[PDB]
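Chains as they are written, first to last, in this note's numbering: chain A, 34 to 1442; chain B, 14 to 62. Ideal Cβ positions, reconstructed from N, Cα and C, are used throughout, including at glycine. Each remark here refers to the structure printed beneath this line.
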RNA sequence: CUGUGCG
Ligand SMILES: [Mn+2]
Ligand SMILES: [Zn+2]
Ligand SMILES: [Zn+2]
Ligand SMILES: [Zn+2]
Ligand SMILES: [Zn+2]
């Protein structure tokens, strides 16, 4: 006993439970440490010391609260305040996995006892303190570590696993190559291995595999192929078109042949358009006054300057009514002339909170609260005066009785019918959209844009209360207290969108018009507002897309004249009916076209293109799409003139599905569908053990069902064709594959390089005594169908990370796998392009139910006999750890969603619902956990599944080369693959080879999807379609991506992301006329959000040279130059920038002084650079005169949605559900509140900032109105006034740093069938010497404090820290919040090639220096 | 080398083609593109005689 | 956490 006595003097170095405590000595010290940390954890939350630690029910029995026979729970710290108890159970877990596990197991165990406390007694306040460390408040956190260390040093010198379990928690911290836990058996692992590795030999010779594959081909040719049982067939394009017309073009349906009749929103758009086009399309002073006072009242609405919400709404209604009666006088006819022409409807007046209220009902409600509550106006105006003395512009509104006589006179003057709001769902007078002028169709699109913006703003309405009694959804409602969104259309008529609900849910809107006060009903429809954000301002983007697609068919003048209006009508119907069914149908049409262009396609192809309409709104879209496909494909001889253009057009028409957003119209329905897709393969297979143990101890029946599922998985013979659809794998075929892989016969060899090898006390084949690898099921929003998603606990996420890194390293050691290797993907793209150009047999294969059918047991059986030799040792590294983690994955537990369980418990026929009901009480209890053999999680074993797929596909290529004497080369991506087959010495002789490959793939777990195609005309891989001599650009896909995913947090970031999207779309040859319209749409979005127009943002009026050989900085430079026409000042600034560049490069004397000169700001830095280059104070004052209001001057805009930025990007680079419509609503909501910071911490409105401007109109405030201002025009607001020419100087200097000196020369203008597409390379000439650990040294040298704080708090490579331009072109990046050059320098081009039309390059600007 | 012995304008032709400048071209497609202009609209070069 | 912004 040498260290046992030292603890007596060691523990003395350390308020109630301490003196009582100061081989049972081990447990004594353990309890002392636990009580110490527990008292520390509770002294922060005011617990009570448990000197007895009696129970949870005894503390209620002592005080008096009745005990309803609670289960015995030991409470650490209780705080009972009269009739409310706060239970705090604390724990000390250092490792994050055990931390989260104990946290959840504590929360559940306290909620299970809070349920019975709420059933009788109090509802406890649950608190749990998850201290990840041992830091107390009694000592300096340095003695407790010594106590734990000495306790470890006294335990290590002295049940099954205690002497290591107790010290595994007192250590510092816890990858693979760790099999030293127990490696014990549980009397079930041997039965698992007997059914998982019994038929695997892996040492089969090569000649025997050759002869067996020969015999198998001979059997298949006469038993499955000659019998017609093949899964692939020739095209027979006539039959394909007939089946398309039969599945899509509904002929037995009684719906009309008119999209406007069948779609209610299309009918409303048509009504609004053709009632605004044929009719019409101090007069605007009183409307402006009403709108200003309405905005003011909407400001004091959400400020909580009153007690209740109803009183606030009544007070604002009183203000608006007083404004109405004030405007009624002092004017000859104000209401009958400008309210009828502006914002007023039949008997109703527009109020705050987007509400419209009947005037008579308004005065009826105002008579109350003033009649039953006198002296209310005085005390409700005095509380507003002393709360916001800036909105006191109300002087004659918030006054006494608002002339009730004049009010009822006004009401009886405008007595019109009320909005009906048709709630209940014929002649066809619709002008036959095909026979419309090109202006009425654009008017239809503009009307759709206005109504969609009103729909988006309807989701903006905050939750208010109804002031009237509900006299609501039966057949009709005379609206009196509905919300209304107002969209302006023409000089006199304005549209109203009435709705009675708020939030983000689907409503029943009613669209009305007001021509001159005669409120005519345009219709009523039902929709989800957050699915109508794409057309919110893209009335010209989609028109330009349709024009480009129609111009693609210019080879047949008469084909484009027919497919033009049809395409515009299809886009209009898609937009007015955003449904997942239309997305699915258009994807099916993509696959149909892919099969039509090629020669061999799956027999079950057309069975997958069918999508149940369930509404005429889907029938019209399907009819339009099928009619377009038939018009472009049907015909006898002169119908395939320019088939590349036809294929491109039809592929873009099919990718029009991306116009419809992917936001799960119903979240619970999509969760139910995800659970259905997740559990149907298991129930159909026969292994769906429910709630097995959640710990890792399966019962006898559960072990039996798992072993039966495993046996069924490997019970597929090689000479049976009635099992080519059930999940599983032939053991003998897998043995052949592994044996050919081991003896270097496949193109992927086992000779890998860079070995991938780089509380859980005891582990087994099911778990590791730290859970059971619990995942949780959810969905991922995709275009066609919602993909599966598994969110895992911390320990299971670490295990997936381990196996994924192992498999990713092995795949990097492989050759033909391209999932996380972009070099191999580009090699695959080049080989596929060469194959399509040479006429090779490209087989674009997709695999159906890859995730839901793959099993970690299959990866186990694969890895059991894989060699995987070392590069230098040749020792056959054992895969014991990887196989153990894959066994853990085989016994994983997927928690079903709680919402799905609730929806199935409160419940037509459904297989998953039937299984749920059969498991409710027939066998056990409610299902909450699902374990199974098959269904490897999508995104869980992605790299392992890719490794298996690559090995098996290389075996299949070996089999094809053996049997059919062809040259196959395959590239896989773990979901879909492409096999280029160079045939020796149509495509009817290779149908047998395709069917045999499909049969062999299905004998493994690689069921070829019916969406797979085989042919010699077009190939597809990773949604990249390659055609003979070109590549399909997919214009509609990228345009829809640019119109969608508008993640608008800050306008600068929004503009940046839109610019990158437009760059990647111009790379894939979209246009320069559609990209300028996308930029106009984004600038209009920013302008609508109240942010106003800024000299930066999206780039309008651009050429291909602004995207090719040009970055975002060059686009902003060109935008500033477009602001400054007849460039005399921008040319001078460019000359000064060239002078500075020469002095820093040619003269090479400038360093660390420009950094001192830039940190001042914009005015002083520009002044210093001008004195260093020009040195003419008159010219500097002439240059600094051009200003622009920068709202993000003293920082970033304050925003609550649903320091420089370079440091943030570097922190993100070192370390490793909401809809887009809701995001835009949050953006417009944050950019209208107090977001502009003034440096003193007081955020103010953007309107307050832009009201500080004055009408300068001195030929400097007129070259770009509301963008560029004078210096004296911003004297009232001078803090938000920065020189635009300084930003131009900085942009030009960084563009010189990045992409050459050609950015200084003046732009000279140049002195083509719209289809001459070709690839151009970026012509940049980097003067930066072309990574990491170079910018960090740059910041460290110049900025010591900014490198110390806000940067490098969690780094471990400080031992590493002179580029030509990393001192000034980094200060220009850090001081400019919208320049961002370093993020472009520490990144690749991501395009490296730009497909552009020669008609654009011939119109590009020339800027050669 | 030229194309894969297809029309390069319809792809549905591999018998009795003629080269434009770098690819092949069927007879009816050549006569259709030549009777309306002199360029190719595939390779964007003048069609042969 | 709170917006009145398509002319
Ligand atoms: Mn594919
Ligand atoms: Zn009609
Ligand atoms: Zn001016
Ligand atoms: Zn040609
Ligand atoms: Zn032809």
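CA nearest to the CA of residue i, picked from the options
i, options, result
"residue 459/A", "58/A, 136/A, 1411/A, 291/A", "291/A"
"residue 101/A", "223/A, 462/A, 150/A", "150/A"
"residue 1131/A", "1096/A, 811/A, 53/A", "1096/A"
"residue 209/A", "1207/A, 832/A, 1276/A", "832/A"
"residue 1315/A", "1225/A, 1251/A, 175/A", "1225/A"
"residue 979/A", "610/A, 847/A, 732/A, 639/A", "847/A"
"residue 22/B", "59/B, 58/B, 61/B, 53/B", "53/B"
Alpha helix (DSSP H) segment containing residue i, residue limits
i, result
"residue 1150/A", "1145-1156"
"residue 911/A", "Element bounds for residue 911/A: n/a, residue is neither H nor E."
"residue 924/A", "That residue, residue 924/A, is in no alpha helix (DSSP H); it is neither H nor E in DSSP."
"residue 136/A", "129-152"
Unbroken beta strand (DSSP E) run spanning residue i, endpoints
i, result
"residue 1047/A", "1046-1048"
"residue 1051/A", "1051-1053"
"residue 530/A", "527-532"
"residue 876/A", "874-879"
"residue 1001/A", "1000-1005"
Min CB distance residue i to chain A below 8 angstroms
i, result
"residue 32/B", "no"
"residue 43/B", "no"
"residue 48/B", "no"
"residue 19/B", "yes"
"residue 53/B", "no"
"residue 22/B", "yes"
Outcome for residue i when other beta-carbon atoms lying within 10 angstroms are tallied against a minimum of 16
i, result
"residue 57/A", "exposed"
"residue 620/A", "buried"
"residue 389/A", "buried"
"residue 2/A", "With chain A represented from 34 up to 1442, any question about residue 2/A goes unanswered, as that position is not in the structure."
"residue 468/A", "exposed"
"residue 1365/A", "exposed"
"residue 1288/A", "exposed"
"residue 24/B", "buried"
"residue 474/A", "buried"
"residue 1337/A", "buried"
"residue 55/B", "buried"
Whole-Å CB distance - residue i paired with residue j, under 8 angstroms assumed
i, j, result
"residue 1394/A", "residue 1419/A", "Residue 1394/A to residue 1419/A, Cβ: 15 angstroms. No contact."
"residue 770/A", "residue 1036/A", "About 10 angstroms separates the two Cβ atoms, so there is no contact after all."
"residue 92/A", "residue 111/A", "5 angstroms"
"residue 563/A", "residue 1252/A", "4 angstroms"
Closer than 8 angstroms to chain B by CB, residue i
i, result
"residue 1346/A", "yes"
"residue 1018/A", "no"
"residue 787/A", "no"
"residue 594/A", "no"
"residue 1062/A", "yes"
"residue 263/A", "no"
"residue 591/A", "no"
"residue 208/A", "no"
Ligand 6 heavy atom lying under 7 angstroms from the CB of residue i
i, result
"residue 55/B", "By its list of ligands, the structure shown excludes ligand 6, since it contains just ligand 1, ligand 2, ligand 3, ligand 4 and ligand 5."
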